[PDB]
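Below: one structure, written as structure tokens.
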Amino acid sequence: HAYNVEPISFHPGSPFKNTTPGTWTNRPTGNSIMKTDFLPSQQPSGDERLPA
Amino acid sequence: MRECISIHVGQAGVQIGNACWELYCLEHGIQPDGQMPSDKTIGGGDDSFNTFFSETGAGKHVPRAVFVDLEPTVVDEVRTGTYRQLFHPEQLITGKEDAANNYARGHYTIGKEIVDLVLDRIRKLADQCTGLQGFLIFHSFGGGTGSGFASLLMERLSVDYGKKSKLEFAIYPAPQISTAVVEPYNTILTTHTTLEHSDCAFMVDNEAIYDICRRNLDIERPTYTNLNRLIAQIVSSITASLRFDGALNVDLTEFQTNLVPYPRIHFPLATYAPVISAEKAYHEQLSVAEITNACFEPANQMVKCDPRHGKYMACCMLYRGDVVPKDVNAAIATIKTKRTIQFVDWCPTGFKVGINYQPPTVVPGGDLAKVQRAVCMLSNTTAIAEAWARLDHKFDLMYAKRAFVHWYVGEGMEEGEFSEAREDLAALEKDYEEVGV
Amino acid sequence: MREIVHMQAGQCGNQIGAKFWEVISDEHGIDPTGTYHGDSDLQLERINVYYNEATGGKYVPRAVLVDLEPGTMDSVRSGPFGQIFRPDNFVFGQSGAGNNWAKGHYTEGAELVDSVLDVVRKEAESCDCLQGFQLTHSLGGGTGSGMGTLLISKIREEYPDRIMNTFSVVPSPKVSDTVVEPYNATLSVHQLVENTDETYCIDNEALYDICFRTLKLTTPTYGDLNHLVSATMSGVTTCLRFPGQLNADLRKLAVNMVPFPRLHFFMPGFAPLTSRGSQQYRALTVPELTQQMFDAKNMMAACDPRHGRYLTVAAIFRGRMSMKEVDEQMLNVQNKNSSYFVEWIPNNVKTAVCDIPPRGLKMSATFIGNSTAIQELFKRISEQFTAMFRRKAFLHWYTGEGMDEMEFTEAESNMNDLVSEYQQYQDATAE
Amino acid sequence: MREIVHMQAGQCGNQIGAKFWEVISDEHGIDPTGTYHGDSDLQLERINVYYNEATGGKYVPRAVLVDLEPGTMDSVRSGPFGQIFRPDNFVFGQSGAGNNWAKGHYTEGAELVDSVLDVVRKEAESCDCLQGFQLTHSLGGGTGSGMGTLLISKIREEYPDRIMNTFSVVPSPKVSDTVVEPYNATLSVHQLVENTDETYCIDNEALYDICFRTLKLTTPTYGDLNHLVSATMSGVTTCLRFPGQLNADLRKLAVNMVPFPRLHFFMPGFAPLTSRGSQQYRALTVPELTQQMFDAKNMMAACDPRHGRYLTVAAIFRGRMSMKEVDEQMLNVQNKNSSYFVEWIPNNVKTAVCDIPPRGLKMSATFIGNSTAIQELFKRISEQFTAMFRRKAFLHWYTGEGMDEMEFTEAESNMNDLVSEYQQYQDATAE
Amino acid sequence: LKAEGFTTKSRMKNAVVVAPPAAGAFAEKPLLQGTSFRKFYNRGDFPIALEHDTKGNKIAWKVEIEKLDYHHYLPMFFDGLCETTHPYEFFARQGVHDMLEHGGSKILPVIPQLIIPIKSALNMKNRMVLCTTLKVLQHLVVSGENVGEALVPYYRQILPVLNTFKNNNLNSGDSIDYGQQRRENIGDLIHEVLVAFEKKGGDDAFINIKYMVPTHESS
Amino acid sequence: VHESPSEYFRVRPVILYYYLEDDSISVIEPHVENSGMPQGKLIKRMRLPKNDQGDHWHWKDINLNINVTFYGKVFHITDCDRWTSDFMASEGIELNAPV
Ligand SMILES: Nc1nc2c(ncn2[C@@H]2O[C@H](COP(=O)(O)OP(=O)(O)OP(=O)(O)O)[C@@H](O)[C@H]2O)c(=O)[nH]1
Ligand SMILES: Nc1nc2c(ncn2[C@@H]2O[C@H](COP(=O)(O)OP(=O)(O)O)[C@@H](O)[C@H]2O)c(=O)[nH]1
Ligand SMILES: Nc1nc2c(ncn2[C@@H]2O[C@H](COP(=O)(O)OP(=O)(O)O)[C@@H](O)[C@H]2O)c(=O)[nH]1
Ligand SMILES: [Mg+2]
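Protein chains in written order, with UniProt numbering: chain A, 210 to 261; chain B, 1 to 437; chain C, 1 to 431; chain D, 1 to 431; chain E, 15 to 233; chain F, 101 to 199.
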């Protein structure tokens, strides 16, 4: 009774077994706004459909 | 052969540069790695990138700009971004300490170790060109790096390259919205030390862009990218007459001879107003009269310093797209007939028209839509005296109790400089009063 | 690249540091073995602020652990994330200074200050650049206050320009818990006024009230209390470890929140705090975080922020958010509660937005307020001190390890002078 | 974007509101968990009237549950669609109401009133229009009567211009099951007549009559009683929620049914309501809905409308139907029963049609009737009040709990003035 | 609607918030119990008496001023400055002003003691006691030899109220100030305390003076 | 062990202690001589988690030759005690031979 779960997100404790890679997680780390917004665009290739 | 050297001081300047260089690459067809696609093309001619880029011979379009910030974070996230390969690694200059919203740290202790290397890179970029048009400096009045280091580099550039024109795209503090606490102190100090070394200083207000994005683009949650893309549209509209071709034109030198009446009054406003989304872009005619009327509406100003409280001195009216030289004349005539828009009595001829046939460039994922015409106004109004008066009142309230003065006094900055900045601001105050009466 | 070296003194300080190095290791993806089992490169790009690369893949924290009871070192090593720390950085005495400021400051604890200065010097010289010094301790104990104040004095006289934050578990009477606690608090605040660059006053009573009322939580123990303390310790320095929009480091916070060189006693706060049942029945938005910051319920200092005026309030938001929403919400807070903010400062709010939230949360924020209501805590500690010092109770110890009553009078009068300065800047007129 | 906040007070109020929220949830395609498992876009076009968005795409009702005895929250959570409510809206006391208006009004309900106003302000700040408030309670208990009237008074003091509608349950001399019902109803209608924009009087005797003769149902029970009341509560705001040819919101109904300010006591009515053996013999047309609306046995209150004058009649028709047919069915009933309508108000029927019928119902229609026949209930309660007030029976509880005999006399006098005003507008002539 | 701040009541379209209670940093703080100048004097000792005069009076000393012990008498003569029920106020202030001008080197050793009576008088904010205390401070520093340099550690603790009340002058236009003879202008007396500190102090005095009062600057 | 001239890997002896009163686990080290490393408690008495779903280590899934992960440390069990073997066989585990 001297150790509880965390009081912020109430997520249960983990045994920290790395049997799965670090990408496979249920609480991933966020991403930067500049990375999410400023993205590489796509060029018009030419073999598209004719627009109306 | 024309060339514009961009210096991006501070986090605000670097993020605005990250928007504007993205816009430049999109509008010139340059890919983020640096090469042209070489399988498709967009068409600008063989020389409509030389104002901002250079050819290495191999086909690498390395751009200009002297991206600088004392803290490492924003410079390294730019280095680890989409445009990693575009920029020269020596262009992106950074330090270790942060000025931490301190003009004293930006101007006296932390900046001076990096001023020399920034000046050397600026000298290399100036030697790389043939005919230099001007120095486009992107910063915020803000605090620390954008306030102190920008002023120190401005002093060094005035010593070295005296006759070259300088533009000072700057984020001016909002009337009610504020982020920093010592922002009035930094604003007054950077104004005092940019007054004798500026050539023309453009003001942009975050709160006014917030309300414009809410009213026009219909977004209630805008971030800094949605503001910096509008600022990118501003700078592109200003310097597109150098790059593209058209009707009656303008380079950077007329922006001080047709917009600065006296060598104190060099703070025009910025007003782009075909600010419309794709939901309502094709359901209305974006005619020249409509867009110029919407540009002289005070709700579309990006300073929130309402021009009905003062009188206009000069208006540099830049048009971009399918703009007729008689339609612009009719719009200016029918607005000069209006009595709500007031001009000073000593400037009957209060306009400077400049037209390009290039349509505005949209950004994929951006908020704006594709429009036939665009208007950017540089209005030098006497209404900005109320914004100076408000920052003067804030400076008086802080400096009366000597709050937040111990940092500046203990790290550089003999105490009389605060009173120097205050007195020069009051001189500017009733200078505006005397040129208004 | 900016580095911060962290230090924990006393039993409370060591437990808070253990929870802190659990929480930020969870933030940075550090295995309790020491390895990086992370997911993103931004999680490693600025890991050098608190960690240090060990050859083999381990990440040694830049933490120094201090006590004079070796049982505390055994407990912090046997805690979870206990093998993380380097055993050289476990400097301990044998006497157990144990709720005696005189023993922790002048006698046998002062035979350990040279060794801890040596190890702190060794950890500090291995940095290309340095921001400052982090300290966690309690003001109601001998090791936390005695060696804490001695260490702050020594490191301040050695490194005069590098900044220094202490996290100052300041006593409360409704938890009581120690007789000589007012003596220790009064003798610690005297040095924390002059030496510490910035300090955050934290009350266990306020933490218990937050856990009972806002978190329900039934049984909170000390794990949840140290978890809120570690959360507001991690939220302050997130601009030094993660990038984003408009950000403020420790020096920016100190510059924008310290108007005069002594008014640096702040009030922390962390406010996406909800109960377990009322977790998914919520919509995380900037106005409701602003709700939960600007509330007397969710402040980790047992003094009401309404019998006084806010001088400077900073909020470090975390999440992919809207700067218009942030500025509009806090400007609205200023205008509508304009009576509780000093009017000789036009804008009393600093905002720092970092777009990378803590793991598991979409949205969070950290409150740091510099109120004039800290005079309540300082006046209650001063009145307890003068109640005990009127009859000179429990003073034969503190004069047996070799102090004088003039020192106690000086410390009391300095704290009274700080209270008077807070009162002056609270009641000062507009112009 | 017109939103209305729901309050449900008492065991009767909570049991009616649980069925109301169940009906709303399976009409809007919401599961017990809160996720939208619906089909049409109209189910989410105006979901913000009753629901608030949370994380994960989950809708939480904009309702507060009020009681003093805590077992009704356990009953609500035992009921289906019990986990959909937010746990912070479960505002419950700990002791018992005592079936005492004084206990629910001037004591511990008056100590829970600050918390329930706190949560009501919290749920009302999350609106952009805030069209009004609806409250479900009974005039028989202490939380339904006293705490409900105190809530009405505080809401009227706070938001004076917004509309309030209370679906109040009135006692009956045939049902009873309480010996202090005359005192409670007499004391509660005094506050109802002065601080409510519109109120619907529902009688358990009339509910049982509807369940026994129009439904031929063996064991009716409170589940089907609250089913009928909940169908009425939905039908009065389906014009707000779903689109239709004629739109009539709560303010529309208030201005079209209230000639004089203390004449807002309506009796409701629902159609169609058929038994098992009457399903074959059922011509599913607008005329049978109109007739079943205007029938005296189908009234949701015990009053016979033939013993009075219909001031105004409101007809909310849900479903796919005409305008000529609906208007001629409103015309012909007036033309034949012109003796039961007031002659000093011409064309005194308000007609609205919503295009969307309820789920599993091809057509439906909500009758609302402002008549002078409602005064039978007030007469009954007033004379039952004075019969046991002549000897001051059961008055020692109220007087020792903290009321006044002057307050009792003034409440009875205001009830008699309400009855006299209904009588004078019943027998008032045109010229 | 009246509301307490930082809550849902505080944020309404028609609600106004209650102002915080003032902490009273500009108000008087009268004693709950008299000093050791009402306990030691009417009990006996204090070889002083009134010789009567018109301006004030004069203190007749029955012992030599220069030979009596300043380690004993002086710090508890300063204890009598914090009252007003006067036969005592003249006996306090003129005792101060006499022993100081007729002392010598003896003032400097007792200076570390000479702080608690001074600060206690300062932390009462009586408008007639405070001017007397400032005029005592203008005479301490000029009284002996090397005396304004021993106060430099205690600039921390004699200057918390001079910060508060330095802006306590009057804006009375071109009206003649006839209170110039009876020097009772706190906002001025603080200024001649500070310039006297600068003049008869050492060289690291000013860094502490600006550390205390933010709007002071070099004389 | 990395970068050492005496060994490339080490084995640190471990004694587990499962307290049945509160289903808690404490690991201890038997303090070998001349180790040169700080030996002592190395995990105090608590309820050690087993899964990411909140489950903890019970005695119903502790046997002779198995691996148990505690905090990223994967201990492997070797042998029991006599009383512990008797108790575990009384409760019904198979006790699959010491190693
Ligand atoms: N339009 C726009 N303004 C920004 C942006 N980022 C920061 N600002 C403005 O910059 C102001 C803060 O000053 P900064 O220029 O960011 O200070 P800094 O460059 O980070 O220098 P230091 O404070 O020393 O770290 C804020 O008030 C913002 O208004 C941005 O991305 N877009
Ligand atoms: N928040 C928190 N407070 C603690 C903890 N442990 C002890 N304290 C507080 O610290 C005070 C005692 O200080 P202590 O750590 O013994 O100081 P020391 O004697 O110098 O080591 C007590 O009043 C406790 O309330 C803890 O784990 N968390
Ligand atoms: N129609 C209906 N009436 C109810 C229900 N529950 C209780 N009642 C009536 O309400 C009266 C009791 O009121 P009560 O809820 O106990 O008031 P409270 O004591 O303040 O909670 C009884 O006379 C019942 O006839 C219900 O579920 N449906
Ligand atoms: Mg910065």
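Heads up, the beta-carbon is just placed ideally off N, CA and C, and yes, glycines get one too.
Residues that residue i contacts on chain C, provided the C-beta gap is smaller than 8 Å
| i | result |
| --- | --- |
| D:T219 | Those do not exist, as D:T219 stays about 36 Å from chain C at its closest Cβ, beyond 8 Å. |
| D:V60 | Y281 |
| F:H102 | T55 and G56 |
Selection from the options that minimises the alpha carbon distance to residue i
| i | options | result |
| --- | --- | --- |
| F:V127 | F:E121, F:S135, F:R112 and F:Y108 | F:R112 |
| B:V362 | B:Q128, B:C305 and B:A278 | B:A278 |
| B:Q91 | B:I110, B:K112, B:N102 and B:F53 | B:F53 |
| residue 435 of chain D | D:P259, D:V120 and D:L240 | Here chain D comprises residues numbered 1 to 431, so residue 435 of chain D is not present and cannot be evaluated. |
| C:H137 | C:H28, C:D249, C:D404 and C:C201 | C:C201 |
| D:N332 | D:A365, D:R359 and D:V286 | D:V286 |
| F:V199 | F:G140, F:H131, F:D179 and F:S190 | F:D179 |
| D:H105 | D:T149, D:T72 and D:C127 | D:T149 |
| E:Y169 | E:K53, E:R141, E:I125 and E:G193 | E:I125 |
| C:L246 | B:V74, B:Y108 and B:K304 | B:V74 |
| D:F378 | D:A302, D:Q329, D:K362 and D:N335 | D:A302 |
Partners in chain D for residue i, counting only beta-carbon separations shorter than 7 Å
| i | result |
| --- | --- |
| E:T22 | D118, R121, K122 and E125 |
Closer than 8 Å at the beta carbon, the chain F residues around residue i
| i | result |
| --- | --- |
| A:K244 | By Cβ distance, chain F contributes nothing, its closest Cβ being about 28 Å from A:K244, past 8 Å. |
Within chain F, the residues that residue i reaches when beta carbons sit closer than 7 Å
| i | result |
| --- | --- |
| A:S223 | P149 and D152 |
7 Å Cβ cut-off: residues of chain C touching residue i
| i | result |
| --- | --- |
| B:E77 | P243 |
Chain B contact residues for residue i, given Cβ-Cβ distances below 9 Å
| i | result |
| --- | --- |
| C:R318 | Residues of chain B passing the Cβ test: none, with the nearest at roughly 14 Å. |
Closer than 7 Å at the beta carbon, the chain B residues around residue i
| i | result |
| --- | --- |
| E:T229 | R402 |
Compile a chain-ordered list of the residues in the region 33–55 of chain B whose CB is closer than 7 Å to at least one CB of chain A.
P37 and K40
Using a Cβ-Cβ cut-off of less than 7 Å, give me the residues of the region 273–284 of chain C that come near chain D, in sequence order.
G277, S278, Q280, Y281, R282, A283 and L284
Distance cut 5 Å, beta-carbon to ligand 3 heavy atom: residue list by chain order:
D:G10, D:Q11, D:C12, D:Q15, D:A97, D:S138, D:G140, D:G141, D:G142, D:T143, D:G144, D:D177, D:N204, D:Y222, D:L225 and D:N226
Using 8 Å as the cut-off, can you tell me whether the region 6–13 of chain D makes contact with the region 153–170 of chain E, which would need three or more C-beta pairs spanning the two stretches below that distance?
no
Hey, is the region 98–110 of chain B in contact with the region 240–250 of chain A, meaning 3+ C-beta pairs nearer than 8 Å?
no
Say whether the region 365–382 of chain B touches the region 286–295 of chain B, bearing in mind that this needs 3 or more beta-carbon pairs closer than 8 Å, one atom from each stretch.
yes
Within the chosen definition, does the region 191–198 of chain E reach the region 169–179 of chain E through at least 3 CB pairs nearer than 8 Å?
no
Scan the region 64–76 of chain C for residues whose Cβ lies nearer than 7 Å to a Cβ of chain F and list them as they occur along the chain.
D74 and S75
Counting Cβ pairs closer than 8 Å, one from the region 309–327 of chain C and one from the region 360–374 of chain C, do we hit at least three?
yes
What residues in the region 76–93 of chain D bring their beta carbon closer than 8 Å to a beta carbon of chain C?
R86, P87 and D88
Beta carbons nearer than 7 Å to chain F: which residues of the region 31–49 of chain C have them?
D31, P32 and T33
Taking contact to mean 3 or more Cβ pairs, one atom from each stretch, closer than 8 Å, check whether the region 156–165 of chain C and the region 189–198 of chain C are in contact.
yes
Hey, is the region 158–175 of chain D in contact with the region 214–223 of chain D, meaning 3+ C-beta pairs nearer than 8 Å?
no
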